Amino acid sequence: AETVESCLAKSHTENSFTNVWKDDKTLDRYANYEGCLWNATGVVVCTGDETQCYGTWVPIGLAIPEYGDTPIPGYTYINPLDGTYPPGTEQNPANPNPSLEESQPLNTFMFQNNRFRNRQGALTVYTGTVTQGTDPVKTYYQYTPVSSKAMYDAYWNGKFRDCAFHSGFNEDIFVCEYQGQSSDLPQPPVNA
């Protein structure tokens, strides 16, 4: 059995984990292994379906409730809230306060399982929900301004022409053809 302390004391694991989850608020990557919860750090490379990621996994606490054995192709993960292009600054003038939407906006696009909104070049990313009010309680969909230079670079270089410019009353879950810089992950995942 494990405790928060036994887990925190484990050494990092540089390998691939499967059943990888993405925290909806921070967009960080997590996985369970050996009864502990781990966070992917360092250069993180994931499969297209985003279910497996290779990285320097750090145990941060207790766990929260077929594969080959050869390296497979993946894409280098970009956390769109990494702070390299911080909003509310001269560098990135975008208002830093997240946009609260009463209904999911139309024409969002998927890039590495992250849901983005493009408003004339200003990129915002879905970061879950928040509520305002108690009578009545009203849930809002939070769209946080993108703070990653890597994400904006891909956008500026035209990498999202096929997915970031849709218009109209669309029900499509647009998925971008470009999924990140190509790399590979070792196999099999250790927490299979």
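The first residue of the sequence shown is number 1, and the count goes up from there.
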query	finding
Deposited-sequence gap flanked by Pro136 and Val137	none
Average Cα temperature factor in the PDB entry - higher stretch of 84-92, 107-115	84-92
Average Cα temperature factor in the PDB entry - higher stretch of 156-164, 24-32	156-164
Residue with maximal Cα B-factor (values as given in the PDB entry) among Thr51, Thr144, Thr70, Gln132	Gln132
Selection from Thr76, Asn79, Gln120, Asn97 [criterion: highest C-alpha temperature factor in the record]	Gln120
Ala63 - Cα temperature factor, lowest/middle/highest third of chain	middle
Third of the chain, ranked by Cα B-factor, where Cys7 sits	lowest
Chain third (lowest, middle, highest) by recorded CA B-factor, residue given as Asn19	middle
